[PDB]
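Asker: Before I ask anything, let me first share the structure, which is written out below as structure tokens.
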There are 2 protein chains.
Amino acid sequence: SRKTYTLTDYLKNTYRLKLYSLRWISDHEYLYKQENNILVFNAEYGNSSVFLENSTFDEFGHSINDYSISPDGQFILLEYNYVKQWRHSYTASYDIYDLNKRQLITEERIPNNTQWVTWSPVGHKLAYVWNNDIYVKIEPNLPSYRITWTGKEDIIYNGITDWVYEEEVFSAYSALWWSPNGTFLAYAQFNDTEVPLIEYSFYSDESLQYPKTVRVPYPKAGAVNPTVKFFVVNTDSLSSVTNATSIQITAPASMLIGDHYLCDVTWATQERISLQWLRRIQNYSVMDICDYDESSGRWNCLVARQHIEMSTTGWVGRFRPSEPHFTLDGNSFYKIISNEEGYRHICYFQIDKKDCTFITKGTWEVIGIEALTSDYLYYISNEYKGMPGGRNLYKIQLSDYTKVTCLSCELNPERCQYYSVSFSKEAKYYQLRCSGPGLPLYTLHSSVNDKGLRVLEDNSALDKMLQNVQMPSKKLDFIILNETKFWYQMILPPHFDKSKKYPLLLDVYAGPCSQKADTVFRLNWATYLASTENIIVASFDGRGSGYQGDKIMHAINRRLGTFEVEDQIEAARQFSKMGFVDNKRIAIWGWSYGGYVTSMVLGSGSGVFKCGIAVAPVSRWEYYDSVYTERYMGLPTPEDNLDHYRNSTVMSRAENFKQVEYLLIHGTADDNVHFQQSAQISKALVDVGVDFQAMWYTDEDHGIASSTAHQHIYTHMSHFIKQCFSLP
Amino acid sequence: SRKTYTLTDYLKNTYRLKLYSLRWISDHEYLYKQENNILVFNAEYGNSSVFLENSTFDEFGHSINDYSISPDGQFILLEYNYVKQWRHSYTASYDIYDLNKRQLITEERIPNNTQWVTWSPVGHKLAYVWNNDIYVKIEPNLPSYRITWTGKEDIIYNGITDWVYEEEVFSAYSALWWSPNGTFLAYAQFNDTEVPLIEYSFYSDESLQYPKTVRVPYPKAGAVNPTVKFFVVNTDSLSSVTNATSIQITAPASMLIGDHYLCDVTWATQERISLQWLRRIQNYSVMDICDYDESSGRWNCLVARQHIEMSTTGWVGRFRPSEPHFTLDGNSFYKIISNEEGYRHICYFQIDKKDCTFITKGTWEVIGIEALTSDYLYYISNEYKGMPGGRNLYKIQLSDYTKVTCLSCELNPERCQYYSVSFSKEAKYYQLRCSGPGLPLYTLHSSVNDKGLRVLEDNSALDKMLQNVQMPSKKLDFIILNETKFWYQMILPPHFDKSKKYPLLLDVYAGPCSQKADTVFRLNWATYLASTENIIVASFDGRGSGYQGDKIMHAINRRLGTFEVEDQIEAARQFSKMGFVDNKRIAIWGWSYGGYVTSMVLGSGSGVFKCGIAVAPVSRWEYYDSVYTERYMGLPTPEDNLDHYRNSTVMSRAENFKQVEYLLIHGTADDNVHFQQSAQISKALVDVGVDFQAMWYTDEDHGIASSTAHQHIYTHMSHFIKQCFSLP
Ligand SMILES: COc1ccc(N2CC[C@H](N)[C@H](c3cccc(C)c3)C2)cc1OC
Ligand SMILES: COc1ccc(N2CC[C@H](N)[C@H](c3cccc(C)c3)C2)cc1OC
Ligand SMILES: *[C@@H]1O[C@H](CO)[C@@H](O)[C@H](O)[C@H]1NC(C)=O
Ligand SMILES: *[C@@H]1O[C@H](CO)[C@@H](O)[C@H](O)[C@H]1NC(C)=O
Ligand SMILES: *[C@@H]1O[C@H](CO)[C@@H](O)[C@H](O)[C@H]1NC(C)=O
Ligand SMILES: *[C@H]1O[C@H](CO)[C@@H](O)[C@H](O)[C@H]1NC(C)=O
């Protein structure tokens, strides 16, 4: 189509995908920002209005970064002075504006450097975290109420996660939890006291004479973990003459035996809380169900309703114990479990009863549970057409499980195989957002009798543009290795010719429970290599990958750097055989777990790879964190799994890089995979005298994501593959 | 048709340069190790006796790093467990061997981890420093007495120097100096209590889980500096029970008004010390002369006896103020002073007089005073043939200063033009080492009639071998810039063909008072690029280089990054306009100051260079140490030189790097020139979208010196250069 998808295009975002992030405020209303206007839409009639103008906050004085309107549209929250921290954490300054007046509140302002703020899910209450301590405001313009006093930088964490808990448990800086009533604030408290500190330089502005030493409590594999406690406080009982009484919930006796984690917090009623707990060795979780006791002010967790999950083949859950979805009354829940055959399905649990009944069964898995009315449970799975790369909305009749209706399979079979959904409060309606293989297609429906109300976004604008570009095409078959199908994808060059011979970059992640072979439509770096460089970028989902059941996913257990590695090689050795790939020119790249694998791949003696880039890789498991690593690897002790911690380093293969061209990249200020692991790689490559190219990004963290640095890495990498391939 | 000088040859040191290290013991004998024996030789008749048999300590249990024998006979020190700190500093363990018995001393040993040890200049007394505190041994089997009790790690330094003093002041760990008697023991104290700390990671063996943060007190340009007191102890009054009395020597009033350094300590007679102090603004220097008072037990430095050095032109001395050589009676001394015409020549000062008398004059400079007698002074200059880049030994009779003989000039004018020298006590004999342009020659001579005696080592072994390889030849000549001669050398490929058009590598250092163009014979990396890769490696001494008088050296005063850079460019251009250098292939590289300049050049826009390599550069003067930088730049305050400190950063020039190909190398443990510096450069080159090559070296320091890192960095640099030049 004459023009080509270009490196600058990718880097400078010539072609933006349109989205439709709506926020539901009820059973039949969502909020939507249009450029800078905030609009409320009626889902039923499609009619809408200006809720808040883009102009309303012009004489405010600080660039506004986000809003958060109270769940009664009474007050709006204004987030400014945003300073980022790790992957979710940050600090920000806040203001509360009253919507029934033309007025910001002057009195008792939320203080600067707030680590976290949140409305109640009803009315206009606030919890915030300032200096690792929890505060509470009934009324926006009232003195706040302190709830903790134990907080201490880097040592005591009240209502907020420490590093491990942010990245590897809760996927959230948040460790607060309102009861639906807004009555009860529940919260976690972490004790980071004897957690060793990762240390590294941050150089900052040129003007900074001496570089600063950044120090973060970070348990690497085998070190001391943070400890956790749980508490529930009662907001309606708060006195300002008196201190507040948290009530400690303690953990199941069978957890206190040794180290453990609080992994899941789900409220169930106005008065019932569900806590989950994971043993340090992550194959034993225990759910507890705790009820308020209006007479004694206590919380009680009866053993009778305690439940247990324990993996016998690997670890519990995909990355953790599943979320349990609770039927309205509070006496039953559904939650995804590994069935007896290894596949993950919806399971039905009744509070004081034994076992659970499974409502779904088969050679596919459920991805998640999305909503629960009284007649139906709604859920996403990968059942359709046996595509583990796919995702679709399903609906189950509760009074007969066998009655399932695929709400999404058939709406657009050619453009659509990957969905996600956003149910309205009480599930009267839902936004369906398709993600490929064609352009993102945002629709809106009603559960009643599933009636397609309205298209909300179709990317027509982008669809017109992309017609001028000689786009790559995406292939998505699978190979057989033993008797098993493992899936792979190929981003193919325009005017593809299976007669010709093409360079192949093997794009890897391949960590535990990964999926790099899907139907999602993506505009990215691989999009460029293919369109402009006629380079076949393949990916492959082999042993240890997700969504195909424990036999594949758990093949990797206590054994990283083994199967996942070999199998990438294998996939290549297959691709090679195929008539359109020139084997003298096969490459491999990867970031995070992916960069780990690539390096291991290159140091394997395979013969199959000319070159590869590896980006901020892991090099030795003892360097990466406890919660993630030990989930997969056990403990680095002689009596547990030390041997294999030592068999699976990048360092011990070093000699083999003699036979390949290697580019290794790391951001100095990566709090996640520390520069250490790359630093150790280079030293070994040095000790043994092997040439390789390098690049550090002073101050860049794990993302290497600042717009300037981001452009730099893809440029550098683009030159490297272009040169490694003989590309002019 | 012979083989060629190859990277291997260089890296594995195939062709070795044999040496003749000796230590004069008296005016007639000297020590020498020969097949691991320690021998004493007679200078007069050639004959040698075995001082320490190679056999002894075959059974010591430890490998011995160095030995050291009492001046007066009877003991030898054994140095084992050496652990390198900085450039001169290190830690080790010691045993004493009593020569009048097959016996090591058992009792009262020197402690492990000792910081410094010294015999006194006569007898067998020991002065040692351990945990920053000074200890003295009257006999080696007796308990030592303790002199200082104040030493505290990274804070108070008794008898050893700290980082700046070590690196920039005494080129030494030792901050100890005995009287010639061995009666007194003067030592300096350093107080780094408020000196800021540079910190960087050390990653250690891949088995170290958590990176160690190294903290080194290191005053950066304009930072708080260490302070120094100075002391002298009578070692002939020591008591087993009552602490030792260190008499303090106070700096002069005109150093005590602001920050200052102690920068030279010479004993004159048994009872007289010479101290040179130096203001922090290195403009102004005082020498103080202190006699001992038999009655008072105190030390007095008569004011009227002070000797002041100024400079309007730059700083005092080549790198620090110069060293006084005293007459036997200690009422006069000779010392290298820059003269009226800017040239460094020899001056005769009388203690209780105030001016001096120049004893040499000319359009050449004195490099060093080598030996003084009742009759003769001996020195080294670059007078011969007006070749500032060569060195000869000369001789003045003191009864007539015009009566001057050269002693080395005519030994072999084709072979030898770069001497150093080594005189027995009372300059009765001397050893001459010629370092080029031929293979080094080591001779022994008689002072009486300046007669030839014996050839020590003549490297005839190397000569045999070199006859089998295609060695590059050297051109050492000059060019004219604004009516001034400036010198360069070229390392020319064999069978040089002036009508062919060779590629040029510019080898730069160019720091204040450097000299890259000279008559010495090196077997190095230039050798290989010339002999194998047919690359002219050329060096050039532009403005700010030394040994040619102050007009050239001080041109750079207060303005580094400027003329030394223009003048490097200019050189390259004139190398262009020679019919043997192809201008499309001009590279440049350097280390330390070499890299600052390489970097500054590459980013000047001259577009006269295709590519360069900067190894551990400075990048902003505010990052480098106070003593060095402020010598040539003054302070980085707005009242001083802040403006220029800013004008002269690598960073300001990131844009031009678009033109050139860059390769930024640095080790991560660089205590000297901190990684910070290169980190800031690449952050600049990223901020503005310039591709470039880089290479960190894990845990290496400024000299990237370890066997594996040395072999590597040179490999890497060779790939980059050959490819820069279309050389396969
Ligand atoms: C929100 O986007 C996320 C969240 C988590 C996330 N991972 C969380 C679990 C692991 N920490 C994972 C990872 C990062 C770095 C190295 C390794 C081995 C694994 C990274 C990745 C990610 O996008 C790539
Ligand atoms: C023995 O070899 C030495 C000794 C000292 C020495 N210098 C000591 C004085 C200065 N610190 C000098 C220097 C200037 C600028 C930058 C750097 C890193 C070093 C380096 C250099 C050197 O070889 C190059
Ligand atoms: C945190 O833990 C340490 C020891 O692990 C303990 O001494 C300290 O008091 C604890 N603090 C709190 C408030 O939990
Ligand atoms: C050299 O020989 C003479 C005569 O025997 C002797 O006195 C002298 O000690 C010898 N020199 C050495 C090195 O011992
Ligand atoms: C010194 O080191 C040795 C080990 O080499 C040890 O036996 C000795 O006790 C140490 N301590 C002393 C004597 O300072
Ligand atoms: C030590 O000296 C002897 C004879 O003096 C020499 O021949 C031998 O090779 C040497 N051996 C050692 C221990 O180096």
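Each chain in the structure tokens gets a letter, A, B and so on, in the order shown; residues start at 1 in every chain, and ligands are counted from 1 in the order they appear.
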May I have the residues within 10 Å of ligand 6, computed using only C-alpha atoms and all ligand atoms, as a PyMOL selection string?
Answerer: chain B and resi 33-38+50+53-58
Asker: Give me the residues near segment 243-254 of chain A as a PyMOL selection string, where near means some atom within 6 Å (using only C-alpha atoms) and where sequence neighbours in that chain fewer than 2 positions away do not count.
Answerer: chain A and resi 147+230-233+256-257
Asker: Around ligand 1, at most 10 Å away and counting only C-alpha atoms and all ligand atoms, which residues are there? Put them as a compact mmCIF listing (two decimals) with N, CA, C and O atoms, in the first residue's frame, please.
Answerer:
# COMPACT_ATOMS: atom_id res chain seq x y z
N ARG A 87 6.18 0.45 40.41
CA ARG A 87 5.17 0.17 39.37
C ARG A 87 3.75 0.67 39.63
O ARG A 87 3.05 0.97 38.69
N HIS A 88 3.28 0.76 40.88
CA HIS A 88 1.95 1.32 41.13
C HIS A 88 2.02 2.47 42.11
O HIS A 88 1.36 3.48 41.91
N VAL A 164 7.85 -5.69 47.84
CA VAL A 164 7.40 -7.05 47.45
C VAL A 164 5.90 -7.14 47.31
O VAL A 164 5.41 -7.76 46.35
N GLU A 166 3.69 -4.75 46.85
CA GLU A 166 3.25 -3.95 45.74
C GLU A 166 3.40 -4.66 44.40
O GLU A 166 2.49 -4.65 43.59
N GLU A 167 4.55 -5.28 44.17
CA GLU A 167 4.86 -5.88 42.89
C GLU A 167 4.45 -7.35 42.73
O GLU A 167 4.17 -7.81 41.63
N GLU A 168 4.44 -8.10 43.84
CA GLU A 168 4.36 -9.56 43.80
C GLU A 168 3.18 -10.22 44.55
O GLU A 168 3.05 -11.45 44.57
N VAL A 169 2.34 -9.42 45.18
CA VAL A 169 1.18 -9.95 45.87
C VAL A 169 -0.07 -9.19 45.40
O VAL A 169 -0.90 -9.72 44.65
N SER A 171 -0.48 -6.37 43.51
CA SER A 171 -0.50 -5.54 42.31
C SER A 171 -1.15 -4.21 42.63
O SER A 171 -2.13 -3.83 42.00
N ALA A 172 -0.63 -3.51 43.63
CA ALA A 172 -1.29 -2.31 44.16
C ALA A 172 -0.48 -1.71 45.28
O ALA A 172 0.11 -2.43 46.10
N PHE A 319 -0.83 -16.82 39.80
CA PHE A 319 0.24 -16.11 40.50
C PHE A 319 -0.07 -16.07 41.98
O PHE A 319 0.80 -15.86 42.81
N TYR A 509 9.17 -14.12 25.96
CA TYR A 509 9.08 -13.84 27.38
C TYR A 509 9.14 -15.18 28.10
O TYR A 509 10.12 -15.44 28.80
N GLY A 511 8.20 -16.74 30.66
CA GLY A 511 8.15 -16.91 32.12
C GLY A 511 7.01 -17.83 32.51
O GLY A 511 6.35 -18.38 31.61
N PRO A 512 6.74 -18.01 33.83
CA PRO A 512 5.70 -18.97 34.23
C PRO A 512 4.33 -18.35 34.01
O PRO A 512 4.15 -17.18 34.37
N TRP A 591 12.96 -9.21 27.40
CA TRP A 591 12.99 -8.25 28.48
C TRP A 591 12.39 -8.95 29.73
O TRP A 591 11.58 -9.87 29.60
N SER A 592 12.80 -8.52 30.93
CA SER A 592 12.52 -9.21 32.21
C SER A 592 12.74 -10.73 32.12
O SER A 592 13.78 -11.15 31.64
N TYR A 593 11.80 -11.54 32.59
CA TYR A 593 11.93 -12.98 32.41
C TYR A 593 12.42 -13.33 31.00
O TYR A 593 13.22 -14.25 30.82
N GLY A 594 11.97 -12.56 30.00
CA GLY A 594 12.35 -12.79 28.60
C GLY A 594 13.84 -12.68 28.34
O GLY A 594 14.43 -13.49 27.62
N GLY A 595 14.44 -11.66 28.96
CA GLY A 595 15.88 -11.37 28.90
C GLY A 595 16.73 -12.39 29.61
O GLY A 595 17.80 -12.74 29.13
N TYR A 596 16.25 -12.84 30.77
CA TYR A 596 16.77 -14.07 31.35
C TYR A 596 16.82 -15.13 30.27
O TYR A 596 17.89 -15.61 29.93
N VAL A 597 15.67 -15.49 29.68
CA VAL A 597 15.66 -16.67 28.80
C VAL A 597 16.65 -16.52 27.64
O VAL A 597 17.43 -17.43 27.38
N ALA A 616 17.55 -5.96 30.60
CA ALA A 616 17.37 -5.99 32.04
C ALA A 616 17.05 -7.41 32.52
O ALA A 616 16.06 -7.62 33.25
N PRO A 617 17.89 -8.41 32.13
CA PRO A 617 17.50 -9.79 32.38
C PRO A 617 17.71 -10.17 33.84
O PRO A 617 18.32 -9.41 34.59
N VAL A 618 17.17 -11.32 34.23
CA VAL A 618 17.59 -12.00 35.45
C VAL A 618 18.78 -12.83 34.99
O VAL A 618 18.85 -13.20 33.82
N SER A 619 19.73 -13.08 35.91
CA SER A 619 21.00 -13.79 35.64
C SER A 619 21.25 -14.89 36.66
O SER A 619 21.96 -15.86 36.39
N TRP A 621 18.89 -16.48 40.17
CA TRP A 621 17.64 -16.36 40.91
C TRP A 621 17.81 -15.83 42.32
O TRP A 621 16.94 -15.14 42.84
N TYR A 624 16.95 -12.05 42.31
CA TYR A 624 15.57 -11.59 42.20
C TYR A 624 14.81 -11.87 43.51
O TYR A 624 15.38 -12.49 44.42
N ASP A 625 13.55 -11.41 43.60
CA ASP A 625 12.80 -11.35 44.88
C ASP A 625 12.18 -12.67 45.36
O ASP A 625 11.90 -13.58 44.55
N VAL A 627 9.10 -13.56 46.90
CA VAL A 627 7.72 -13.95 46.64
C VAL A 627 7.55 -14.53 45.26
O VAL A 627 6.94 -15.59 45.11
N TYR A 628 8.12 -13.86 44.25
CA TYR A 628 8.09 -14.37 42.88
C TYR A 628 8.95 -15.58 42.70
O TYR A 628 8.51 -16.54 42.12
N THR A 629 10.20 -15.54 43.17
CA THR A 629 11.18 -16.58 42.84
C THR A 629 10.84 -17.88 43.57
O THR A 629 10.84 -18.96 42.96
N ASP A 670 17.18 0.50 38.09
CA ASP A 670 16.18 -0.55 38.05
C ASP A 670 16.08 -1.18 39.44
O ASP A 670 16.94 -1.96 39.86
N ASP A 671 15.03 -0.84 40.16
CA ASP A 671 14.80 -1.33 41.53
C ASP A 671 14.29 -2.75 41.53
O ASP A 671 14.13 -3.37 42.57
N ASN A 672 14.04 -3.26 40.34
CA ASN A 672 13.28 -4.47 40.16
C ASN A 672 14.27 -5.63 39.85
O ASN A 672 14.66 -6.36 40.76
N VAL A 673 14.68 -5.80 38.60
CA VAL A 673 15.83 -6.60 38.26
C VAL A 673 17.03 -5.68 38.41
O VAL A 673 17.27 -4.83 37.55
N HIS A 674 17.77 -5.80 39.50
CA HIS A 674 18.83 -4.82 39.77
C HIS A 674 20.00 -4.90 38.80
O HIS A 674 20.32 -5.99 38.29
N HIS A 702 13.27 -0.30 35.47
CA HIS A 702 12.99 -1.53 34.73
C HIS A 702 12.31 -1.35 33.38
O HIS A 702 12.53 -2.14 32.44
N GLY A 703 11.48 -0.33 33.29
CA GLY A 703 10.77 -0.02 32.04
C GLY A 703 11.63 0.56 30.94
O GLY A 703 11.39 0.27 29.76
Asker: Write out as an MDAnalysis selection string each polymer residue whose atoms come within 6 Å of residue 342 of chain A, counting only C-alpha atoms; drop sequence neighbours fewer than 4 positions from it.
Answerer: chainID A and resid 338 549:550
Asker: Show which residues sit within 12 Å of residue 313 of chain B, as a ChimeraX atom specification. Count only C-alpha atoms, and ignore same-chain residues fewer than 4 positions away.
Answerer: /B:282-284,317,338-342,549-558,632
Asker: Now that the selection is made, can you save its residues with N, CA, C and O atoms as a PDB file, in the first residue's frame?
Answerer:
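Okay, part-v3.pdb is ready:
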ATOM      1  N   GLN B 282      45.950  27.299  44.504  1.00  0.00           N
ATOM      2  CA  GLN B 282      47.361  26.865  44.355  1.00  0.00           C
ATOM      3  C   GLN B 282      48.354  27.887  43.769  1.00  0.00           C
ATOM      4  O   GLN B 282      49.280  27.573  43.017  1.00  0.00           O
ATOM      5  N   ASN B 283      48.169  29.117  44.206  1.00  0.00           N
ATOM      6  CA  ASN B 283      48.851  30.260  43.676  1.00  0.00           C
ATOM      7  C   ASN B 283      50.105  30.544  44.447  1.00  0.00           C
ATOM      8  O   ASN B 283      51.059  31.115  43.926  1.00  0.00           O
ATOM      9  N   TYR B 284      50.081  30.155  45.711  1.00  0.00           N
ATOM     10  CA  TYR B 284      50.934  30.749  46.703  1.00  0.00           C
ATOM     11  C   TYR B 284      51.424  29.626  47.586  1.00  0.00           C
ATOM     12  O   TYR B 284      50.635  28.796  48.043  1.00  0.00           O
ATOM     13  N   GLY B 317      54.700  25.207  40.503  1.00  0.00           N
ATOM     14  CA  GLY B 317      55.413  23.958  40.228  1.00  0.00           C
ATOM     15  C   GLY B 317      54.712  23.162  39.164  1.00  0.00           C
ATOM     16  O   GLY B 317      53.645  23.542  38.727  1.00  0.00           O
ATOM     17  N   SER B 338      60.540  28.101  38.514  1.00  0.00           N
ATOM     18  CA  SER B 338      60.299  28.674  37.195  1.00  0.00           C
ATOM     19  C   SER B 338      60.930  30.063  37.176  1.00  0.00           C
ATOM     20  O   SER B 338      60.695  30.858  38.102  1.00  0.00           O
ATOM     21  N   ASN B 339      61.727  30.355  36.140  1.00  0.00           N
ATOM     22  CA  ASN B 339      62.455  31.652  36.070  1.00  0.00           C
ATOM     23  C   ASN B 339      61.670  32.813  35.452  1.00  0.00           C
ATOM     24  O   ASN B 339      60.480  32.691  35.155  1.00  0.00           O
ATOM     25  N   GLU B 340      62.359  33.930  35.250  1.00  0.00           N
ATOM     26  CA  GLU B 340      61.762  35.118  34.656  1.00  0.00           C
ATOM     27  C   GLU B 340      61.157  34.923  33.272  1.00  0.00           C
ATOM     28  O   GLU B 340      60.165  35.537  32.963  1.00  0.00           O
ATOM     29  N   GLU B 341      61.760  34.071  32.460  1.00  0.00           N
ATOM     30  CA  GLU B 341      61.325  33.795  31.081  1.00  0.00           C
ATOM     31  C   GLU B 341      60.343  32.582  31.055  1.00  0.00           C
ATOM     32  O   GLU B 341      60.149  31.933  30.022  1.00  0.00           O
ATOM     33  N   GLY B 342      59.749  32.275  32.209  1.00  0.00           N
ATOM     34  CA  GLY B 342      58.940  31.067  32.392  1.00  0.00           C
ATOM     35  C   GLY B 342      59.602  29.678  32.422  1.00  0.00           C
ATOM     36  O   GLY B 342      58.909  28.679  32.576  1.00  0.00           O
ATOM     37  N   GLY B 549      58.496  25.263  28.972  1.00  0.00           N
ATOM     38  CA  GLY B 549      58.363  26.581  29.574  1.00  0.00           C
ATOM     39  C   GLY B 549      56.923  26.925  29.759  1.00  0.00           C
ATOM     40  O   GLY B 549      56.044  26.357  29.097  1.00  0.00           O
ATOM     41  N   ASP B 550      56.717  27.889  30.650  1.00  0.00           N
ATOM     42  CA  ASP B 550      55.407  28.272  31.161  1.00  0.00           C
ATOM     43  C   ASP B 550      54.463  28.934  30.130  1.00  0.00           C
ATOM     44  O   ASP B 550      53.243  28.913  30.294  1.00  0.00           O
ATOM     45  N   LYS B 551      55.003  29.548  29.092  1.00  0.00           N
ATOM     46  CA  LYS B 551      54.125  30.157  28.126  1.00  0.00           C
ATOM     47  C   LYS B 551      53.195  29.091  27.538  1.00  0.00           C
ATOM     48  O   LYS B 551      51.999  29.300  27.431  1.00  0.00           O
ATOM     49  N   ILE B 552      53.745  27.938  27.190  1.00  0.00           N
ATOM     50  CA  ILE B 552      52.935  26.822  26.727  1.00  0.00           C
ATOM     51  C   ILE B 552      52.141  26.158  27.857  1.00  0.00           C
ATOM     52  O   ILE B 552      50.932  26.028  27.754  1.00  0.00           O
ATOM     53  N   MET B 553      52.792  25.790  28.954  1.00  0.00           N
ATOM     54  CA  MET B 553      52.083  25.076  30.005  1.00  0.00           C
ATOM     55  C   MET B 553      50.916  25.871  30.580  1.00  0.00           C
ATOM     56  O   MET B 553      49.781  25.400  30.552  1.00  0.00           O
ATOM     57  N   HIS B 554      51.168  27.079  31.069  1.00  0.00           N
ATOM     58  CA  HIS B 554      50.108  27.886  31.688  1.00  0.00           C
ATOM     59  C   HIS B 554      49.035  28.505  30.728  1.00  0.00           C
ATOM     60  O   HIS B 554      48.193  29.309  31.180  1.00  0.00           O
ATOM     61  N   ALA B 555      49.048  28.166  29.430  1.00  0.00           N
ATOM     62  CA  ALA B 555      48.097  28.798  28.474  1.00  0.00           C
ATOM     63  C   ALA B 555      46.664  28.380  28.786  1.00  0.00           C
ATOM     64  O   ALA B 555      45.687  28.986  28.346  1.00  0.00           O
ATOM     65  N   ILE B 556      46.582  27.328  29.580  1.00  0.00           N
ATOM     66  CA  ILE B 556      45.399  26.568  29.811  1.00  0.00           C
ATOM     67  C   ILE B 556      44.887  26.951  31.181  1.00  0.00           C
ATOM     68  O   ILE B 556      43.797  26.529  31.585  1.00  0.00           O
ATOM     69  N   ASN B 557      45.670  27.788  31.867  1.00  0.00           N
ATOM     70  CA  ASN B 557      45.372  28.243  33.215  1.00  0.00           C
ATOM     71  C   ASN B 557      43.939  28.710  33.290  1.00  0.00           C
ATOM     72  O   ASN B 557      43.529  29.550  32.485  1.00  0.00           O
ATOM     73  N   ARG B 558      43.181  28.162  34.241  1.00  0.00           N
ATOM     74  CA  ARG B 558      41.799  28.572  34.522  1.00  0.00           C
ATOM     75  C   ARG B 558      40.839  28.318  33.369  1.00  0.00           C
ATOM     76  O   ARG B 558      39.712  28.804  33.386  1.00  0.00           O
ATOM     77  N   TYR B 632      44.218  23.830  38.516  1.00  0.00           N
ATOM     78  CA  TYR B 632      44.089  24.410  37.201  1.00  0.00           C
ATOM     79  C   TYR B 632      42.823  25.218  36.948  1.00  0.00           C
ATOM     80  O   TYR B 632      42.767  25.880  35.931  1.00  0.00           O
TER      81      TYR B 632
END
Asker: Could you list, with a cut-off of 7 Å and counting only C-alpha atoms, the residues of chain A near chain B, each shown with its nearest atom pair and the distance in Å rounded to one decimal, rows sorted by chain and ascending number, as a tab-separated table?
Answerer:
residue	atom	partner	partner_atom	distance
A:198	CA	B:210	CA	6.6
A:199	CA	B:213	CA	6.8
A:200	CA	B:201	CA	6.2
A:201	CA	B:200	CA	6.4
A:203	CA	B:676	CA	6.5
A:206	CA	B:680	CA	6.4
A:209	CA	B:623	CA	6.0
A:210	CA	B:198	CA	6.3
A:211	CA	B:676	CA	6.9
A:622	CA	B:209	CA	6.6
A:623	CA	B:209	CA	6.1
A:676	CA	B:203	CA	6.6
A:679	CA	B:698	CA	5.6
A:680	CA	B:206	CA	6.1
A:682	CA	B:698	CA	6.8
A:683	CA	B:698	CA	5.7
A:686	CA	B:708	CA	6.1
A:687	CA	B:708	CA	5.4
A:689	CA	B:712	CA	6.3
A:691	CA	B:716	CA	6.9
A:694	CA	B:695	CA	5.4
A:695	CA	B:694	CA	5.5
A:698	CA	B:679	CA	5.5
A:708	CA	B:687	CA	5.5
A:709	CA	B:686	CA	6.0
A:712	CA	B:686	CA	6.3
A:716	CA	B:691	CA	6.4
Asker: One decimal, in Å: what's the spacing between atom CA of residue 8 of chain B and atom 18 (C, counted along the ligand's line) of ligand 2?
Answerer: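 One can read the atom CA of residue 8 of chain B to atom 18 (C, counted along the ligand's line) of ligand 2 distance as 27.0 Å.
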Asker: Pick out the closest residue to residue 143 of chain B from this set: B:449, B:239, B:174, B:181. Count only C-alpha atoms.
Answerer: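 Of B:449, B:239, B:174, B:181, the one nearest residue 143 of chain B is B:239, counting only C-alpha atoms.
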Asker: Please write out the residues within 10 Å of ligand 3 as an MDAnalysis selection string, counting only C-alpha atoms and all ligand atoms.
Answerer: chainID A and resid 149:152 155:158 189:195 224 226:229
Asker: Compile the contact shell of residue 127 of chain B as a VMD selection string: residues with an atom at most 8 Å away, counting only C-alpha atoms, same-chain residues fewer than 6 positions apart removed.
Answerer: chain B and resid 117 to 120 134 to 137
Asker: Select the residues contacting ligand 4 at a distance of at most 9 Å, based on only C-alpha atoms and all ligand atoms, then format the selection as a list in words.
Answerer: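 My answer, listing the contacting residues, is residues 29, 30, 39, 40, 41, 42, 43, 44, 45, 46, 47, 48, 49, 50 and 51 of chain B.
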